[PDB]
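Structure first, then comments.
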Amino acid sequence: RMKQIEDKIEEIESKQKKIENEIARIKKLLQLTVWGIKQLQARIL
Amino acid sequence: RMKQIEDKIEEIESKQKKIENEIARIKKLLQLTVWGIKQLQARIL
Amino acid sequence: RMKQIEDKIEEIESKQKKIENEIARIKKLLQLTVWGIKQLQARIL
Ligand SMILES: [Cl-]
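Residue numbers (the numbering used here), protein chains in the order written: chain A, 9 to 53; chain B, 9 to 53; chain C, 9 to 53.
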């Protein structure tokens with residue numbers, strides 16, 4: 009029973025790391041889109 | 009303590025699935041914004 | 009062994025709450041980028 013809990017925790021921690029990595033990718037891409045939009049705003053000023 | 013832990017695991021797993029689904033929705037919307045920015049760059053050229 | 013499991017659970021719960029707060033912040037920024045793109049699209053309709 010405790011082994012099964014411990015193993016479930018490993019799977020959850022693994023999935024949580026995949027989630028943190030996806031959030032980091034999202035943040036980088038969102039930064040790039042904000043920069044892109046600001047470049048377009050400056051062009052039409 | 010074991011049963012409480014199992015109940016908490018079930019909760020965590022449920023929320024993790026919801027988080028994964030929200031990340032998938034965010035990624036799709038972010039891709040649409042990248043396409044929208046590229047279409048504006050194309051158009052100004 | 010049981011206290012180690014409980015401490016790890018608590019750590020996973022706290023990281024999950026932080027992930028949910030990060031997702032909320034990303035969604036608000038993404039909505040702003042969408043409205044910024046729409047504004048730019050208009051300035052060329
Ligand atoms: Cl065991």
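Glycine included, every Cβ here is placed at the ideal spot set by N, Cα and C.
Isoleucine 20 of chain C sits in a helix when the DSSP states are folded into three classes. Between the alpha carbons of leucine 40 of chain A and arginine 33 of chain A lies a gap of roughly 11 Å. Residue contact with chain B for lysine 35 of chain C: present (Cβ-Cβ distance below 8 Å to some residue of chain B).
By the 16-neighbour rule on beta-carbons within 10 angstroms, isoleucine 45 of chain B is buried.
When C-beta distances to chain C are compared with 9 Å, the residues of the segment 20-32 of chain A below that value are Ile20, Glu21, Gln24, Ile27, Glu28, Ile31, in chain order.
Contact between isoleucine 31 of chain C and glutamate 28 of chain B does not hold, since their C-beta atoms are separated by about 11 Å, which reaches or exceeds 8 Å. The closest heavy atom of ligand 1 lies less than 7 Å from the beta carbon of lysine 11 of chain A. The Cβ atoms of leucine 38 of chain C and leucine 37 of chain B lie closer than 8 Å to each other.
C-alpha of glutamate 19 of chain A to C-alpha of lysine 16 of chain B: approximately 14 Å in a straight line. By the CB criterion at 8 Å, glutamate 14 of chain C and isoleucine 13 of chain B fall inside the cutoff. Linking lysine 25 of chain C to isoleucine 52 of chain B through their CA atoms gives a straight-line distance of about 42 Å.
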